[PDB]
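**Q** 3D, please:
(6 chains)
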Amino acid sequence: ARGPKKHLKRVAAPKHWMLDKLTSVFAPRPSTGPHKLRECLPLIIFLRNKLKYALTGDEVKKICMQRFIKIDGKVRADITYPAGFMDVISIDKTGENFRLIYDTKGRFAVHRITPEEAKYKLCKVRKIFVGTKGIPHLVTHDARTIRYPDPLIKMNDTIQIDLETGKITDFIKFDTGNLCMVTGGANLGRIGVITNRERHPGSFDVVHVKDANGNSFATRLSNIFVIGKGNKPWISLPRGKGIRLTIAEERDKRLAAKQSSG
Amino acid sequence: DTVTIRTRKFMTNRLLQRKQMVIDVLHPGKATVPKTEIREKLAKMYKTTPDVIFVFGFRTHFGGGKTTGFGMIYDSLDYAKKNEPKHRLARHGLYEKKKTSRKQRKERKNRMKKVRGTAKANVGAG
Amino acid sequence: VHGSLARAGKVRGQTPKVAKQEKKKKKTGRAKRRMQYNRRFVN
Amino acid sequence: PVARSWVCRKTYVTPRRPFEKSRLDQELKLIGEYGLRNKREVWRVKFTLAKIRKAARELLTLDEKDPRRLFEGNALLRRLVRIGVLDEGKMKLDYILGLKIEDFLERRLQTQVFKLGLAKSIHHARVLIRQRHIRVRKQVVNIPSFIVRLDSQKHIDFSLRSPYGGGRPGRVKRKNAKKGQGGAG
Amino acid sequence: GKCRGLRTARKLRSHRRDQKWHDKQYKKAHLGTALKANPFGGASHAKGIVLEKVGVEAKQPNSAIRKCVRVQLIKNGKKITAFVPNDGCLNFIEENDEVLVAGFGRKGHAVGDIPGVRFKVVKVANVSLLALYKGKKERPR
RNA sequence: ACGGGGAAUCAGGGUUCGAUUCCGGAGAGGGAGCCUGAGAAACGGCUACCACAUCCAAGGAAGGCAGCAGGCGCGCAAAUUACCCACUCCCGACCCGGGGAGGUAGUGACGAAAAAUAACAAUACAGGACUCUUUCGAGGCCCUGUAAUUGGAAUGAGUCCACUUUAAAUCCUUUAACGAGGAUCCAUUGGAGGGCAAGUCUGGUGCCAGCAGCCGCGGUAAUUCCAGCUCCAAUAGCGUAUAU
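**A** Numbering: from 1, shown residues only, chains lettered A, B, ... in the order given. Provided below are the atomic coordinates:
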């Protein structure tokens, strides 16, 4: 009422964090990092519940501070560092590396990836921002102001940064024939080719999408994120490949495997 | 004996250098065998000392049958001194806390405010 | 009032004060419904 | 700002007309046959059967071949066949309306113990489960309101600790042997 | 005999917002003058001392002298008549006693032979009037 | 009348309620002004005024429990001046200090879920399908109403040592040693004219006491009052008052 907020309560917090109701009242409030609240995943909840390596805040408190956690190449030291789309994280003591992309319902599924894919990442742009001294500037999803890009970079594109010096290599333009994954919104976490972008001057530019499964949907341009060329994604996808299944179809899969693994 | 320890959901916390697991007791009807014996038996199944094994939270089921509890298996006696929380440690006893009171302490720091500024005034009084 | 309020409890107070007999503990529990079902549908 | 999940709700419905001489007369004919305790033990069943038809009816309003009916109804039919009240292959989401009160009553543990031997009278089975003698295939349960699934239909036998079971006698028999020893010699 | 139109939703609405006032079951419960003249402040009960003990007759068809009390409340300081419902339980009532008074059972109306009394007494000096009758409690003397 | 997400009630419409733990707003007795700070017109910050006020050497000083506990007054009406920071996360120069935010306890018939007070048998009475006699007579697999614990088995209520729960204890859960013969381990709250389930039973009272939501009962045979006995409703709940 008089300034900033510094207490986020229970499941008033975003639903995709996959939280409880009887763990007291409050929830970790991300440290205002490179993503909004309603798109991020606190690094604390990635170590108690999604991984279940630890038990409480304390056993998480001592891990992150022992400087084993590595996010985006340079280590972090805050318990609640916001995560986000297309972020790479590494655990050197045990030896795994995670990718943290959206599921077909939206839960930030645990996704182990190879060290080759642990080098780079994919980041969308927000504005080509030629600034002082005639110097071209960009901005990306995680607030990387890259100077001096390839001038062809215009808008809605995807860049690939080595995660040692940024320095975009192998960009892909936004076109109407390329793969794209939807981030945010009810359609959270589906995959399909664009096939249309119907403009609306002065409002949200609605982008339709057709999936390789034959289904179709639509979102607004903001929720679109390009993840490859043609029908080839640069990244391996989890089980289901981000292809939404109706609750009837998802029911069938549950019943078949029953009493077949445990 | 007929304690019959069983293990489920086993994970090796390398980033902490310990073991994480579920201990599943199967007592055929007894008094839910204490933490001492289960710490004793578990080592024989894991080939280590009963100094390093620490268990917590046995919540027996209804009917005098299967009883479930947690436990973690460290590697060093030193490591239990920084990876195990304190109350879990003195539970058997190798570290008594700083615990004296709360209100006794809380009253003290407040009455310190009335005389704060001089080391003699502060430390001498109380 | 005309002359009233002089008599109050005229009946409760001159009735014979008879005592009660406690012989059988008819606790409700559930055998009640067992026999309360067995008063009607046994005949 | 406490944790304290405050979600609770009734599970019985009070009849609108309190005295009818036909609702009172009939409800006893249920408690008497099936060994219940009070009318709550009946109205609770009337409520579950009311809900399961207030839910079944809504689907019947929806036309067939429908996304929400076909799944919810199949899921609705799944629990009824699983719980022991309807024949397999007698599921069309219409015979649900043809169910009556006693069908949920016949499947309780109390009645089921009686039908599978294990007792001499329908009342006797009820006291046994409350003395902790009967185990539903793995665990001794003392809840005569247990509703038994098909898997647990043929897995109901006495326990392993009970005096009736493979265990030691109770206190009455143990004490009589000691008292009888001085009684006779 | 009706509006029944399709752009008439206001007239069907400012009519019923007007003709509701003739439903005395609604005029009482929604006008500030109805509750104001209630000796209770709209409350269920109201304590107050006893300033005398008086009896009141019955209507024409059947004769008797119903016993009552002239309880003055402490909330508003008003004066009301309170029936003493019990068989000969006017022996425990005494002046300056602070009895508890409740509605008589008809939501603000007389009941039966009692003329003009809408209030009965439930407690007497912080002991239940039922308890005094059946004897479970006892008023110290 | 703080708004909203919601809540009660219900066939389809609706009517009532929202202070109440989530989101947003206003405030720290009533008003006004302002320093520090990115973010206060902050009051567990200052400045005055007003009302109520606490120390005083009579010269002066200090405060804001619509924070957690408490008491006063108010009332129809609302908890213990108890433990700690372990889970909840927050603050700080920080794996390390602090948190009456919160958790844990205690009180707690606002309320909601499951669930005791009996089960069995032989007894002698008692019925009818069964048995055989047109018929009487019968002997038996059963349902039971009542009465003897007649008699052996089962148990939870309660005590009480240990384990388990948890910072520390507390209760549930697990194994001990005891622990049921009718008042042991004793079930109630309201009724028996009608609506509205159940007595044209006995003693008393005599348009008195009183009952009665309403119709109505009470003046010598009260189916209604006061009691006794028997039955009825709901059963650890059930009547009363008022809002709806």
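**Q** burial of residue 138, as a residue count?
**A** Just so you know, I chose chain A. 23 (other C-beta atoms under 10 Å in any protein chain shown). No exception for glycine: its C-beta is placed from N, CA and C like everyone else's.
**Q** my question was about chain E
**A** Neighbours around residue E:138, by other C-beta under 10 Å: 10.
**Q** Show me what from chain D comes close to chain A.
**A** D:1, D:2, D:3, D:5, D:67, D:70, D:71, D:75 (C-beta under 8 Å from any C-beta of the partner chain).
**Q** Tell me which of these fall in strands.
**A** Residues of these located in strands (DSSP state E): none.
**Q** Just list whatever residues bridge to the most centrally placed residue in chain D.
**A** What sits nearest the mean C-alpha location of chain D, by C-alpha atoms, centre = their mean, is residue D:108, with 2.4 Å. Beta-bridge pairing for residue D:108 (DSSP bridges): residue D:147.
**Q** gap between it and chain C?
**A** 15 Å (C-beta to the nearest C-beta, to the nearest Å).
**Q** contacting residues for that residue?
**A** Shown in contact with residue D:108 (C-beta atoms under 8 Å, 6 or more residues apart in numbering or on different chains): D:34, D:144, D:145, D:146, D:147, D:148.
**Q** and residue B:89, what are its phi and psi?
**A** Dihedral pair for residue B:89: phi -90, psi -50, per degrees, to the nearest 10.
**Q** and the closest residue to it other than its chain neighbours, how many neighbours?
**A** Spatial nearest neighbour of residue B:89, excluding adjacent residues (C-beta to C-beta, 6 or more residues apart in numbering or on different chains): residue B:95 at 4.9 Å. Residue B:95 has 11 neighbours, counted by other C-beta under 10 Å.
**Q** Contact partners for residue B:95?
**A** Neighbours of residue B:95 in contact, by C-beta under 8 Å, 6+ apart: B:81, B:86, B:89.
**Q** Now rank those by neighbours and give me the top one.
**A** residue B:89 (16 neighbours).
**Q** which residue packs closest to the closest residue to chain B within chain E, ignoring adjacent ones?
**A** Here chain E gets closest to chain B at one residue, residue E:126, 38.0 Å apart by C-beta to the nearest C-beta. Nearest-residue entry for residue E:126: residue E:98, 7.7 Å, with adjacent residues in sequence omitted and distances by C-beta to C-beta, 6+ apart.
**Q** Check the gap between the residue of chain E closest to chain B and residue E:83 for me.
**A** 20 Å (C-beta to C-beta, to the nearest Å).
**Q** what would the contacts of residue B:95 look like in TSV with distance to RNA strand F?
**A** Listed next are the contacts of residue B:95 as TSV, based on distance: C-beta to the nearest atom of the strand, whole Å:
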residue	distance to RNA strand F
B:81	10
B:86	6
B:89	9
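**Q** Please look at the residue nearest to residue E:126 and residue E:51 and confirm they touch.
**A** No. Using C-beta atoms under 8 Å, residue E:98 is not in contact with residue E:51; the gap is 11.0 Å.
**Q** Who does the nearest residue to residue E:63 once chain neighbours are set aside form a beta bridge with?
**A** What sits nearest to residue E:63 in space, not counting adjacent residues and going by C-beta to C-beta, 6+ apart, is residue E:57, at 7.2 Å. When assigned by DSSP bridges, residue E:57 has beta-bridge partners residue E:65.
**Q** Pick out the residue closest to the middle of chain B.
**A** Short answer for chain B (C-alpha atoms, centre = their mean): residue B:88, at 1.6 Å.
**Q** Would you mind measuring from it to residue E:129?
**A** For residue B:88 relative to residue E:129 (C-beta to C-beta), the value is 60 Å.
**Q** can you give me the strands in chain E?
**A** Under DSSP E, chain E gives strands at E:45-50, E:55-57, E:65-69, E:71-73, E:82-83, E:99-103, E:119-124.
**Q** Identify whichever of the ones you listed lies nearest to RNA strand F.
**A** Ranking the strands of chain E by proximity to RNA strand F (C-beta to the nearest atom of the strand) places strand E:99-103 first, at 2.3 Å.
**Q** mind listing what the closest one pairs with, with the direction of each?
**A** Checking strand E:99-103 against DSSP bridges gives partners strand E:45-50 (antiparallel), strand E:119-124 (antiparallel).
**Q** I'd like those as CSV, with distance to RNA strand F appended.
**A** Listed next are the strands paired with strand E:99-103 as CSV, based on distance: least, C-beta to the nearest atom of the strand, whole Å:
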stretch, distance to RNA strand F
strand E:45-50, 3
strand E:119-124, 6
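**Q** So which residues of the chain form helices?
**A** Picking chain A for this. A:45-48, A:57-65, A:247-256 (DSSP state H).
**Q** Please refer instead to chain D.
**A** D:23-34, D:40-61, D:67-83, D:102-106, D:109-115, D:122-130, D:171-184.
**Q** Just give the closest residue to the most centrally placed residue in chain A, not the sequence neighbours.
**A** By C-alpha atoms, centre = their mean, chain A has its centre lying nearest to residue A:85, at 1.4 Å. Spatial nearest neighbour of residue A:85, chain neighbours left out: residue A:183 (5.5 Å); criterion: C-beta to C-beta, 6+ apart.
**Q** now residue A:234
**A** residue A:228 (4.6 Å).
**Q** residue contacts, the one you found?
**A** A:172, A:178, A:179, A:234, A:235.
**Q** Please apply the same query to residue A:116.
**A** Taking C-beta under 8 Å, 6+ apart, one finds nothing in contact with residue A:116.
**Q** Residue A:129 too?
**A** Contacts of residue A:129 (C-beta under 8 Å, 6+ apart): A:136, A:137, A:138, A:139, A:145.
**Q** Rebuild those as TSV, extending it with distance to residue A:218.
**A** What follows is these, written out as TSV (distance: C-beta to C-beta, whole Å):
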residue	distance to residue A:218
A:136	33
A:137	32
A:138	28
A:139	26
A:145	32
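**Q** most neighbours, which of these?
**A** Ranked by the number of neighbours (other C-beta under 10 Å), the contacts of residue A:129 place residue A:138 first, at 23 neighbours.
**Q** Might one say that that one is in contact with residue A:125?
**A** Yes. Using C-beta under 8 Å, residue A:138 is in contact with residue A:125, at 5.6 Å.
**Q** Residue B:59 should be in a strand, yeah?
**A** Yes. Looking at residue B:59 with DSSP: H, G, I helix; E, B strand; the rest coil, it is inside a strand.
**Q** which residues touch it?
**A** So residue B:59 contacts B:67, B:68, B:69 (C-beta under 8 Å, 6+ apart).
**Q** Give the buried subset of these as a ChimeraX selection command.
**A** Selection of the buried residues among those in ChimeraX, burial being defined by 16 or more other C-beta atoms under 10 Å in any protein chain shown:
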select /B:67,69
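**Q** Give the bridge partners for residue E:79, please.
**A** residue E:72.
**Q** My guess is it contacts residue E:52. True?
**A** No. Using C-beta under 8 Å, residue E:79 makes no contact with residue E:52, being 10.2 Å away.
**Q** between residue A:138 and residue A:125, what contacts are shared?
**A** A:153, A:159.
**Q** Next up, the contacts around the most centrally placed residue in chain E.
**A** Centroid-nearest residue in chain E, with C-alpha atoms, centre = their mean: residue E:103, separated by 3.4 Å. Residues near residue E:103 by C-beta under 8 Å, 6+ apart: E:40, E:44, E:118, E:119, E:120.
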